[PDB]
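Chains as they are written, first to last, in this note's numbering: chain V, 214 to 265; chain C, 33 to 687; chain Y, 18 to 114; chain S, 29 to 693; chain B, 682 to 1115. A virtual CB, placed ideally from N, CA and C, is assigned to each residue, including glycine.
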Amino acid sequence: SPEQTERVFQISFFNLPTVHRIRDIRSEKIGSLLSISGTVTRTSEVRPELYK
Amino acid sequence: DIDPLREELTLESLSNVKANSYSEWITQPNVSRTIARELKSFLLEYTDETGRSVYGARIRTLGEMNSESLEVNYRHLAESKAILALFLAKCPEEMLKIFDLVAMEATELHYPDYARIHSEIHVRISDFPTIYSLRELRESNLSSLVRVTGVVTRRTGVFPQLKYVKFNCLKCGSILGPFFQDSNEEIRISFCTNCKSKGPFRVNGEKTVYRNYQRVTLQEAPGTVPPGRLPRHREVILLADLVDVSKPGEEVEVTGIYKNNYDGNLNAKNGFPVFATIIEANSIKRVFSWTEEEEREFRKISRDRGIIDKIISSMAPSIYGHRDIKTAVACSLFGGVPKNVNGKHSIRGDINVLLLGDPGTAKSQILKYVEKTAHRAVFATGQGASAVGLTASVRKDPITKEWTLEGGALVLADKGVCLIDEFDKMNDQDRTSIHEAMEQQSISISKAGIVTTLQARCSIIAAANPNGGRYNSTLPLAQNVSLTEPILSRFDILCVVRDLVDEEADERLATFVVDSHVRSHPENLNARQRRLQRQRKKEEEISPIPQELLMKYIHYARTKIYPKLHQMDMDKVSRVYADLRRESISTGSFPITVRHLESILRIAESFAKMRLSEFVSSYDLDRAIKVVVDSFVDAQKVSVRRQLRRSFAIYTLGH
Amino acid sequence: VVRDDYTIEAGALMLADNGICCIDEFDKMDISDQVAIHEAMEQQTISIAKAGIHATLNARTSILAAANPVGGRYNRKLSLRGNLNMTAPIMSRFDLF
Amino acid sequence: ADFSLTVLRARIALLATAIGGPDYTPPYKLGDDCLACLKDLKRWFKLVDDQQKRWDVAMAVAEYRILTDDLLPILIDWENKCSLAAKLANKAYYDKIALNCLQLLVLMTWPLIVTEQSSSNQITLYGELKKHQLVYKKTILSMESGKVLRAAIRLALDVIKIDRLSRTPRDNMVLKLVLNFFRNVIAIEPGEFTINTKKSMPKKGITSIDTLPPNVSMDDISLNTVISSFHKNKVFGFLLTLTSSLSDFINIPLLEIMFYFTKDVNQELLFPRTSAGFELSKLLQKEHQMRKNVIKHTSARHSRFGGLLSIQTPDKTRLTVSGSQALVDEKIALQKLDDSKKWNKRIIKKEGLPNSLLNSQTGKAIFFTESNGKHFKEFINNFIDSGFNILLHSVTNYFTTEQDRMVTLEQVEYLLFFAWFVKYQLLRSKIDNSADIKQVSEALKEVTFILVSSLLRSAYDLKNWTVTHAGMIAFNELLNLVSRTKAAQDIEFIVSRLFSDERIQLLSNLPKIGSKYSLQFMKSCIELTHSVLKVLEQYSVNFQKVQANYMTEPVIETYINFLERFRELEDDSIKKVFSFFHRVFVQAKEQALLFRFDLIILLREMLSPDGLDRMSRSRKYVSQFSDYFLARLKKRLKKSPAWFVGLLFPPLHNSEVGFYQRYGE
Amino acid sequence: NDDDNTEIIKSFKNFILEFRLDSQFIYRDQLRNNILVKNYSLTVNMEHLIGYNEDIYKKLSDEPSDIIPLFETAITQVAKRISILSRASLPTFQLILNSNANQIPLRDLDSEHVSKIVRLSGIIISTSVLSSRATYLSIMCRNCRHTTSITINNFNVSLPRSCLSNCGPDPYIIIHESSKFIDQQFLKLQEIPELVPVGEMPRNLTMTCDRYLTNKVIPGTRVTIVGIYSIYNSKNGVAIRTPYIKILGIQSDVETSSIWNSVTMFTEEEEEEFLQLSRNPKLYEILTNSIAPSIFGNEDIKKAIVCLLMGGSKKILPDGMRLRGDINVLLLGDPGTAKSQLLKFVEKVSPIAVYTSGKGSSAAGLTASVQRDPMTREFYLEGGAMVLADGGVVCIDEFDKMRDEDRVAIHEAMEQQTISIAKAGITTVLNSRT
DNA sequence: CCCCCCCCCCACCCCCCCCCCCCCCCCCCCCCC
DNA sequence: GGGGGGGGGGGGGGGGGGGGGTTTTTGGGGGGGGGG
Ligand SMILES: Nc1ncnc2c1ncn2[C@@H]1O[C@H](COP(=O)(O)OP(=O)(O)NP(=O)(O)O)[C@@H](O)[C@H]1O
Ligand SMILES: Nc1ncnc2c1ncn2[C@@H]1O[C@H](COP(=O)(O)OP(=O)(O)NP(=O)(O)O)[C@@H](O)[C@H]1O
Ligand SMILES: [Mg+2]
Ligand SMILES: [Mg+2]
Ligand SMILES: [Zn+2]
Ligand SMILES: [Zn+2]
């Protein structure tokens, strides 16, 4: 066969203890897991990001 | 055991892919030689069920057209040696590279010295089975062949682009071998091979070769994007034969390669290693063309003594009655002959029609049908049409920072129809933009230092309600509707549509409508073939000729046939016009004018066009007189209509 | 039609495609504002020709209008025609009142 | 020229089509003349790559996927033919292509080594060619749970059936070939990123060492996959009954397989010594100690707040630093003024064997799943309980002969094999009374001691530091075992006279040279030294006569340089170093030799809050040592202000004042 | 290489000196006659070049950008040989080409035509100012003052990268006193209106001319062009370059007022024909018949249209006052009375004219508009229909639908023959003689 | 209440940097005391 | 048996080369307000 590539796995967490607002962003939380809420005011084109 | 430069493989070996990736398999030279023989065998020995080699006939045609493009149908490759079809889908950049060389070899075999006419052939893949929307493109599509639909939002100019380019090193022996230029990246020369060092470089002057280039922004079609969501888009690149196969605002279906490249601008502004993307086109589609047998079918049915009536009955077949409207639409849709008297005086060929009348009388539906049927069409209801949105507009060009024109509806539909529904709802400043394009068949913008005249060769068909929402047969026309004489005179057929209670007529119409609703219900040899057959069985109940045939017949009659007037009953048309003028002195009546006299001739020419007859017979002229006189008589108030119809009967009931 | 270039901004009857659009105080809507919806009412579309942008747009929408009678009070002695500022082009577009 | 290469690759691709393929009527099906094609490919290996020293066929065969897409299908389906028939019993022919497939697998999996003698093409192609062997290892272990392994044992059973008398030299070779297949499949490991050093390094170094091809992950290659697929194909059962049947042509590869299993796994990992989550909580608390330490080394306000400290020295001069916390703590200010220096002294540098415990990072564990741990530990348990003494006797009865031609790889793998299982059975017996020290009794038969002594002495004399290090490791476990059987009780007295004189001197001189070598070399020297000292004390020709040979400054330099790694050393190793110091300093009272500033700095750095765990037993030992050490240094300085300067330098080897410096009258 | 160039030059010298038809050496005579009136160019008919020696035409058509300079050089040498005594100075002569080869319409020109001689036609929509290009640079090194010179031919150039024997990294500068320059003009040609495809916007090409082809044609004139379809590398896709035409010949259908206001151009035969036409007794009737001959009746309107085309006499008085010479006519009335058709004819027959529709017009779009030049970021003035109609007619069809403040903007230009702009710091009174 | 108007908003030297070359310094090995 | 000297490798510094560095007018659509 042609080598059907390694599958990547997205680990989609959900149902967190609390929801932070956009205003609650504070830089100790860099690198930590949160849940965030707001209203989507605009969106990008879907594009390929070079991963490996 | 075998010469290594001519080692080759079996077809089952080709299905037995054993490189790491498809591209590594296509480029393996034993596999590549086998693939060349495989596609060559396909182009030679694939046949229609008549036994003719399809690609024999297409190559024959290609050379007769001096074309650079060979149309290959993907399904024909899926039908025979399907591994090649899989490779073509999974790895088109390599596979098309081989298939092009094979196509050139095949046509050079079929036409010796075609290398003198074109040194290269491009196989234009068509009928690729699987389609995506621009919203639907993803990473898994990268470098795959894709098929996409959209509207060409913005088309740039046609440019030369380098194809094979030698470079000069300013050190050592200067000339460097020919690099092949792609659609995404400049040639990078990290080092000069001849002195194995960095350096400055220039394009070589001894030889270089160019190909045509054109970018197109392709965007989600406005009805296809879900409401509230924004339209997605991609850049499409057209090369060589494909430039100017489309123009702004046209919906197109594109087959091409979804490719990507590093772009420091995208990364810079987004902060992630995220790449720009394109579709490199390999085919573009806009249905109205025909085969030699289809041409013979038009010639066959044109001989029928009832062909004008069968056409007229076939106009909007699911609308009951209104044979006068169907006649007016037929005449408009075939059109007259546009004329130019020694270049010193040009005359309109298009026939303009106004559908004036009561609510719920299929006027809007007739216009939607004509949008369905005409080879170039545009539709714009009432308040939705601005003056410049109808003729043309000037914009400050966002990338060129200068003024440029944008063609309105009457530019987009040039050599076509324009369809203004709810015409009475327009603002009068919007309405009065129509005049120049509707008679002089041009638009003369002079704004922002732009000064030029565009072509606007449209037959405009418009639908209006009378003043207050309903007609009144005790009032003359000019009091039924707010339209002034200069715009009324330009609509050179008028159809008045009255919704009167009439017991057996309403019985018949209601019967037809309920029959139409069950006949249009969605639930009402392979299954697809059977369903298309059932659709034809349903259609022949109400359409004397097939609608698919009618569209190509209209397009044929429009483009090939130009009926001459001859043996003219000059005295009859003169007496008709003289009497119409005299009786039109009634102050509110339909304002008979010289453009109506020319309208009789346009309508007679359109009827001769319906017969594919290059001469206008007396029957065509008599039907034209009947239409114009009935259109005039029908517009009159009841107080005089009987007397006028009796008076005019000598010209028309003789037919 | 808006700038961002020229492009189309979805109005109420676009947003209720395959849906229900509810227009309160319908009678107070100007005739200029009323006549615009005659296409979406029946042809289930909106067609535009403006500023170099040309389109036809889906408006497959059930419209629910809550008109007042002229003068507020419904006059039971007059026809339904007489109690409203509508006329036959738009009244024939409603399935029922 | 590369025209020859494209001709070669074209030939190999055509051969790849000739082997066979799937049949839609999916099953794999052999090609016509398949045996001839396999023979021709084997011919290509010998004809080109061996005889011309190229590895071009070894590359092309990976390009055209012959191993993964033909040979493993052939072997697995042939295994299915034979195994399905075995319940029910032209196999006589298909057996031949199965054998030739296994021959080709042993070729394509053959352990690659590059040396100065390897050709330019070979050393060029080495790095990428290793990657395809890793793909081969993944596919061999994964495909149908590795049923090809069952095919291999069937090919071996088809000579084990015929008697020890019956098996011809070809049958003996076939069995040895199957062992080479198992050895190779264990042995493949990712290659080393071999950088060119002609051109200087840029402003950023190498981006990553990762060499795995994109369809491989290190978990595919990990021992968990090997143990799982070997258990599910009963490879362990085959090996156990094979060593049970040893009653010797194949003994070297069987030894080599056990080496290749053991070479990088730590014995204590196989013993415990919510539980995983509880231990995760323990780990999080341990790093939280580091958090509360680095917090005190962090500004309480933003970096631009930037108040300036000035340190006035004891003299009339001033230094300046910006450390916001340092304003209230001169300790921080001093060590920051030290760290501020742009200067660093320049530092110095410093193959035919695999990575192992000989050269791994000192804490590099293998993370078994519990089932794989159980399967592996029970397998090696049954091996000790059956195969150890006979296999070691077999190979050592060989290796007493032919020592002159024992290639370096063979030497190091043998010493490591001995050491690993001796250490393991000692640990299992210290855990379970049911496990017997005498189940590794062959270690103590004097032939074995003589051979290991010969290997160590020769490697030291020959300055082969690799085998020297391995023999040192083997000596450590031999002495460990000897001390145990001294307690368990004649052979202990015998070896305790045989390691006199020249062996005392040699063992004393390893840690004199060890300071120049890698951390693991030094660690093995320290471990050997502690084992030697406890053995000689258990005996206690004269004790002072031996230990004086160790107590000298080059040995102390090895000890200090080993102890510089204290953050990365294990607590038991720090305990061992400080027990050596305890003897040398407190008991033997050569305390002058340790009054040197390298130790003073090292003591502070580990006793600092940024050093050892507050609750560590080794911290307790360093604190206990340091109080006494400081007291003795205070005494010597009070008795000698000259030693304030003597603290900075090596002590004076001019004995006429050196004795006075050492003792001070 | 220069041996072959010498042979090419000698071949062209022989073409000038030897080509003869019916006893006249037409190119020797034309070159001399041009030299006397001091225009240093030669107009060559490529039929004659083909007829002389088709190998020469093969060399020229294979690579005109290398061969045209050699032909120009040959013309200089013959010019000296026939106008300066040998052993008792002129610039490099421009070569102008006349051709009857098959035209390529502007939209069909593409990559296969790059560097080929091309013939086409269109309407000039714009004409830029006369930029200056070097024919000959005097050059010297900034450090060691090594002095040299570079002769330049304008067919696609640079200074040298480093000195011709340290002088630093980029060492050469121009000496403008001994350098020589020529006029270069840019024209924008738009394709012929009746050749535009269905529904397409009309496409246009930027193109350049120099020496005596500058100022030969003006906006609105319909022209046929001979030139080298060629490329330049703009400062802006990838590997994509802007096409243009290096003009080698211009032939307008007629020449009118290109750079002339009091000067004229008429042949003796056409002047005599006009003189005896002027003397005809039925002249006014014949001219009236000529106006819109397919339009019936409307005789007084046709008579008035003749008067509007001819105009009166403009006058300027010692008062300083100016009296309006041109004539304005309004056709007001019923539908289908052929008013628009009459305006179309007048725009067709008038030597200068513009047609616009009132609803298609603007105040600025009619008189003149302010624009901002983008890379200069600076305001300039661009002409509307009144400026382009200057010296002729503006046909304002659909006039009653013109917005009133657009309509009011016509007043001054319609009576005082001027457009008084005061906008963005521009203040001018442009002329509009319409 | 309807239509039209009109108002608003919008489009050549100098520094940083990188590469190359040369010399010096530090370590290791061998010889001499 | 240790110290000095010679020789080789590796690192650092210095020099040289190279490349980069907003209001004003015009047109269009939409919204708001005023007059008949
Ligand atoms: N003769 C007919 N046959 C079939 N359907 C008809 C007929 N007359 C009217 N209808 C139906 O009436 C509906 C409205 O048609 P439509 O085209 O909007 O009428 P209209 O003439 O445009 N009225 P209006 O928009 O108020 O001016 C459609 O669904 C038609 O199917
Ligand atoms: N006297 C005439 N002789 C010949 N053709 C005529 C005459 N009068 C009108 N026509 C024709 O009728 C049309 C006249 O259109 P047009 O020139 O626009 O008239 P108009 O006066 O401009 N009407 P309008 O634009 O509505 O004010 C053309 O098709 C002419 O061929
Ligand atoms: Mg309608
Ligand atoms: Mg007109
Ligand atoms: Zn070079
Ligand atoms: Zn110089």
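Does the beta-carbon of B/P850, which I'm using as the reference point, lie nearer than 7 Å to any heavy atom of ligand 6?
no
C/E238 to C/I207 span [Cα, whole Å]
9 Å
S/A44 CB to nearest chain C CB: under 8 Å?
yes
May I have the straight-line CA-CA distance separating C/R234 from C/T240, to the nearest angstrom?
12 Å
Would you grab the beta carbon distance between C/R522 and C/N384 for me? Rounded to a whole angstrom, and I think it's under 8 Å.
6 Å
Ligand 3 heavy atoms versus the CB of C/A495: any closer than 7 Å?
yes
Assuming C/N226 contacts C/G205 (C-beta within less than 8 Å), just tell me the rounded distance between them.
5 Å
Quick check for students: name the residue ranges of the beta strand (DSSP E) that lie wholly in the segment 764 to 847 of chain B, counting only runs of 3 or more.
775 to 779, 798 to 808, 812 to 822, 828 to 832
Write down the C-beta distance between S/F606 and S/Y649 rounded to the nearest angstrom, noting that I regard them as a contact closer than 8 Å.
5 Å
Verify the contact flag: C/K203, CB atom, against every heavy atom of ligand 5, threshold strictly below 7 Å.
yes
Counting only the same chain and skipping the five closest in sequence on each side, list residues whose C-beta sits under 7 Å from that of C/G231.
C201, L202, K203, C224
Please determine, among B/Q775, B/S1042, B/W941, the residue with the shortest C-alpha to C-alpha distance to B/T754.
B/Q775
Do V/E262 and C/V306 have their beta-carbon atoms positioned less than 8 Å apart in this structure?
yes
Please report whether the beta-carbon of S/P197 lies at a distance below 8 Å from any beta-carbon of chain V.
no
Buried versus exposed, by CB contacts within 10 Å (16 or more), C/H549:
exposed
Of all Cβ atoms in chain Y, is any one closer than 8 Å to the Cβ of C/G448?
no
Report yes if the CB atom of B/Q866 is closer than 8 Å to the CB atom of B/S809, and no otherwise.
yes
Closest to S/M550 by C-alpha separation, out of S/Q572, S/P582, S/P678, S/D529, would be which residue?
S/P582
Y/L32 touches chain C at which residues, Cβ-Cβ below 9 Å?
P259, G260
Are there 16 or more other CB atoms within 10 angstroms of the CB of S/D366, so buried, or fewer, so exposed?
exposed
Minimum Cβ-Cβ distance from C/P61 to chain S less than 8 Å
yes
Output needed for S/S552: all residues of its chain with C-beta closer than 7 Å, excluding positions within five of it in sequence on either side, in chain order.
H497, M500, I501, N504
Specify whether the segment 492 to 504 of chain C and the segment 600 to 611 of chain C touch according to this definition: at least 3 beta carbon pairs, one from each stretch, less than 8 Å apart.
no
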